[PDB]
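Participant:
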Amino acid sequence: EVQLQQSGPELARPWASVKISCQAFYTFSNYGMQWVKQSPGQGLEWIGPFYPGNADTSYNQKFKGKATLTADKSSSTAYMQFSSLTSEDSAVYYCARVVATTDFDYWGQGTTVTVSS
Amino acid sequence: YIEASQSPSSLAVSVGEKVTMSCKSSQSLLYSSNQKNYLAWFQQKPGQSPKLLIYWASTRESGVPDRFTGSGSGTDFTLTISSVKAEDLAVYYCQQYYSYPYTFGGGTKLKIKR
Amino acid sequence: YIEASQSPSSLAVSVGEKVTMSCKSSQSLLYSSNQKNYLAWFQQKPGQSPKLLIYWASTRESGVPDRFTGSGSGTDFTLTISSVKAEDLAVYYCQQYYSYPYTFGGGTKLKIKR
Amino acid sequence: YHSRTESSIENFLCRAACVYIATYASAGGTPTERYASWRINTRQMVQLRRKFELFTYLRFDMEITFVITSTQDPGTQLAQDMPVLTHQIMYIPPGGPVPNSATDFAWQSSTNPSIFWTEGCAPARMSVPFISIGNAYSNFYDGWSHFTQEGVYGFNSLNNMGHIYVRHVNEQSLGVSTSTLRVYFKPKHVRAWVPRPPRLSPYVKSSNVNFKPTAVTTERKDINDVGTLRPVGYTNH
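Heads up: the sequence lines are chains A, B, C and D, in that order.
Sequential numbering from 2 applies to the first sequence in this note's numbering.
Sequential numbering from 51 applies to the second sequence in this note's numbering.
Sequential numbering from 51 applies to the third sequence in this note's numbering.
Sequential numbering from 95 applies to the fourth sequence in this note's numbering.
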């Protein structure tokens, strides 16, 4: 029942870097952090997992070569960088956390990245 | 752990008035080799998925209206909207993606004054 | 990529009638060494964050009411609710966490029949 | 670089196998029920056949052990006290007289070695040498019996081994005494030639090599489909 927050929704512009942070309330040993894509037209699509205590970062083939991920375990803040930003990528980005190797227990709060060109 | 503090309260102003907000970070968020500020201002519609406004604090996200302008260098980080709207109700965070962990902000409700 | 197909349509039944649903997976979801089924049935309130009902298809999540019972072994995966409610409106997915990627389901709206 | 001594022909083909189980009565009845007969061959037990038909030619000695177990028979006029049961086992070489009934004259022929065995002792054993006209037994023979290119196909007369016939020596006046025979067969001093590919289709006939077409192997999902897979875990992160 632990809460979960993020950087927040900001109105951005096309081709302007938008980093979506995510707070933490746990440790950083063999656990996982990731996100999804909440768009009614496109349904739900993952974007990439981050693994504290494992030093593994992966991206989807739909955004490979476009998006990058970084995080600081000590600072308790995880980045999800994005490049060549479009206008239809707007979604309610949910921060998913897993304290297990294979599960989905706690979900995020919600942040919007809609832009206007 | 590295966190950041948003304004003490919400905007709590009238509709149609430009709003200025700041995000106080607890540590430096500039990487001197690349001169990049790793922080973004977020926005979450209640009940839906969140979505940020501007990333890198100097590059507005594509598709975002020209009303939002993010600024702030070093530890401080600000944002300005020249036209606040009643249909933009959300929770404003200032999330950082500099290093582990990717901590969120503090929250900012768009309340009612009318 | 490994995905799974939910029922062709929504429940579309009356309130207070037990509902049975199935999730057709495109590949085996049982690891014979551990006899574990890596799939869960999810639930997302419109506008808020999602939340599953039962994980491993045999262990109901703590805090979940006794109305939801997940079953299904191997590729098939089912779920049953002995009392459908009008305040449980959400989108039902059957997400799998077996291997990369962690693909979601298909969606299931709780529509109106009254 | 470990040992290969277990894969040799001797250690591969010298395992005793049960090749016949029969029963016979000790009193009145149909005459064919009062003795047990078996023609020695290796083509009726499929498990032993698949082992001998890896080679084209074989040369070995036979060791045959008989396990005989008798019991009383329900009915009227049961025997209150019987002394002991004695059994006669006769090996008929190729071309020797063969009984057509119990209590026949062929049972007393001087050319047929016989064993008289009493209940309670160790099982009876005999050993037959390589008894043939040629220089080897042949599992596969491509040819005919007569030179007219007609007759029985696939039959060779150079690999006859004889017959085994078992009966009750005693004459029983009170009651019937059913008995059961098991035959254990073993090759010794085995020599094999010209190896062959092992069979794929199931056997259909003991005399023929007839078969049904069978798939060369078991089906697979795809050409690049490796066997199954593993889920994500602590090692795979």
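C-beta: ideal position from N, C-alpha, C; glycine also.
Can you grab the Cα-Cα spacing for the pair D/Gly-214 / D/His-181, in whole Å?
Facilitator: Each residue's Cα considered, the two are about 12 Å apart.
Participant: Using Cβ-Cβ distances below 9 Å, what residues of the region 76 to 106 of chain B are close to chain C?
Facilitator: Flagged, chain order: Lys-95, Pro-96, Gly-97, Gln-98, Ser-99.
Participant: Given a limit of 7 Å on CB to CB distance, which residues of the region 139 to 162 of chain C reach chain D?
Facilitator: Within the region 139 to 162 of chain C, the qualifying residues are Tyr-148, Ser-149, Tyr-150.
Participant: For D/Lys-282, which three-state DSSP category applies?
Facilitator: D/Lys-282: strand per DSSP, three-state reduction.
Participant: Counting contacts by CB-CB distance shorter than 8 Å, is D/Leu-323 in contact with chain C?
Facilitator: So, interface residue.
Participant: Check whether the Cβ atoms of residue 184 of chain B and A/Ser-77 lie closer than 8 Å to each other.
Facilitator: Nothing in the structure corresponds to residue 184 of chain B, since chain B is present only between 51 and 164.
Participant: Under 7 Å between beta-carbons, which chain C residues line up against D/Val-326? List them in chain order, please.
Facilitator: In chain order: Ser-149, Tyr-150.
Participant: Would you say residue 177 of chain B reaches chain A, if we count a Cβ-Cβ gap shorter than 8 Å as a contact?
Facilitator: As displayed, chain B neither begins before 51 nor continues past 164, which places residue 177 of chain B out of reach and without an answer.
Participant: Can you list the alpha helix (DSSP H) stretches of 4 or more residues lying completely in the region 102 to 189 of chain D, in chain order?
Facilitator: You should have 103 to 107, 140 to 146.
Participant: According to the neighbour-count rule (16 or more other Cβ atoms, all chains shown, within 10 Å of its Cβ), is B/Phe-127 buried or exposed?
Facilitator: So B/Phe-127 counts as buried.
Participant: Among residues of its own chain, excluding the 5 on either side of C/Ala-107, which ones have a beta-carbon nearer than 7 Å to its beta-carbon?
Facilitator: Once the five neighbours on either side are set aside, the close Cβ partners of C/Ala-107 are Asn-87, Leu-89, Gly-120, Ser-121, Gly-122, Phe-127.
Participant: Looking at the secondary structure, which residues open and close the beta strand (DSSP E) in which A/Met-34 lies?
Facilitator: Taken as a continuous stretch (DSSP letters only), the beta strand (DSSP E) holding A/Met-34 covers 33 to 36.
Participant: Who are the Cβ neighbours of D/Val-178 in its own chain at under 7 Å, not counting the five residues just before and after it?
Facilitator: So the qualifying residues of the chain are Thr-212, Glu-213.
Participant: Who does B/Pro-100 pair with in a DSSP beta bridge?
Facilitator: B/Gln-94.
Participant: Let me know the secondary structure DSSP gives C/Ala-54 once reduced to three states.
Facilitator: In this structure, C/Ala-54 counts as strand in the three-state DSSP scheme.
Participant: Quick check on DSSP: helix, strand or coil for A/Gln-82?
Facilitator: Three-state result, A/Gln-82: strand.
Participant: Taking the alpha carbon of D/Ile-158 as the reference point, which residue from D/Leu-294, D/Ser-195, D/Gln-166, D/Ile-183 has its own alpha carbon closest?
Facilitator: Ranking the options by Cα distance to D/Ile-158, first place goes to D/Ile-183.
Participant: Answer with buried or exposed for C/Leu-160, where buried requires no fewer than 16 other C-beta atoms within 10 angstroms of its C-beta.
Facilitator: Buried, because 16 or more other Cβ atoms sit within 10 Å of the Cβ of C/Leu-160.
Participant: Short of 7 Å in beta carbon distance, which residues of its chain neighbour B/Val-141, apart from the five on each side in sequence? Order them along the chain.
Facilitator: These residues qualify, in order along the chain: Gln-94, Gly-157, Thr-158, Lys-159.
Participant: Taking the alpha carbon of B/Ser-132 as the point to measure from, which residue in B/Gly-66, B/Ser-112, B/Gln-146 has its own alpha carbon closest?
Facilitator: Checking every option, the nearest Cα to that of B/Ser-132 belongs to B/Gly-66.
Participant: For a contact meaning CB atoms closer than 7 Å, what does A/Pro-53 contact in chain B?
Facilitator: Result: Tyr-150.
Participant: When DSSP labels each residue in this structure, what does D/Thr-99 get in the three-state scheme?
Facilitator: Three-state result, D/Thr-99: helix.
Participant: Which value, in whole angstroms, describes the spacing of the CA atoms of A/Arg-14 and B/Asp-116?
Facilitator: Cα-Cα distance, rounded: 7 Å.
Participant: What are the boundary residues of the beta strand (DSSP E) that includes D/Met-255?
Facilitator: Counting along the chain, D/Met-255 falls outside any beta strand (DSSP E), and DSSP gives it neither H nor E.
Participant: Helix, strand or coil for D/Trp-201, going by three-state DSSP, please let me know.
Facilitator: Here D/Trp-201 sits in helix by DSSP.
Participant: Within 10 angstroms of its Cβ, does A/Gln-82 collect 16 or more other Cβ (buried), or is it exposed?
Facilitator: With 16 or more Cβ atoms within 10 Å of its Cβ, A/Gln-82 is classed as buried.
Participant: Shortest alpha-carbon distance to D/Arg-219 belongs to which of D/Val-270, D/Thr-170, D/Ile-162?
Facilitator: The candidate whose alpha carbon is nearest that of D/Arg-219 is D/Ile-162.
Participant: Mind listing the chain C neighbours of A/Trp-16? Cutoff is C-beta to C-beta under 9 Å, in chain order.
Facilitator: By Cβ distance, chain C contributes nothing, its closest Cβ being about 27 Å from A/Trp-16, past 9 Å.
Participant: Output, in chain order, the set of chain B residues within a Cβ distance shorter than 7 Å of A/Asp-73.
Facilitator: What A/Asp-73 touches in chain B: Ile-52, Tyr-148, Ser-149, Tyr-150, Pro-151.
Participant: Helix or strand or just coil, what does DSSP make of D/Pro-307?
Facilitator: Reduced to three states, the DSSP call for D/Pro-307 is coil.
Participant: What residue from A/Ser-118, A/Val-116, A/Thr-112, A/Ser-117 has the CA that sits closest to C/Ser-99's CA?
Facilitator: Considering only alpha carbons, the answer is A/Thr-112.
Participant: Rounded to whole angstroms, what is the Cα-Cα separation between D/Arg-153 and D/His-283?
Facilitator: If you take the alpha carbons of D/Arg-153 and D/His-283, they lie about 8 Å apart.
Participant: Which of the three DSSP states is assigned to D/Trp-287 in this structure?
Facilitator: Here D/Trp-287 sits in strand by DSSP.
Participant: At 7 Å on the CB atoms, spell out the chain A contacts of B/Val-114, in chain order.
Facilitator: Result: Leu-12, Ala-13, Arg-14, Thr-115, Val-116, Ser-117.
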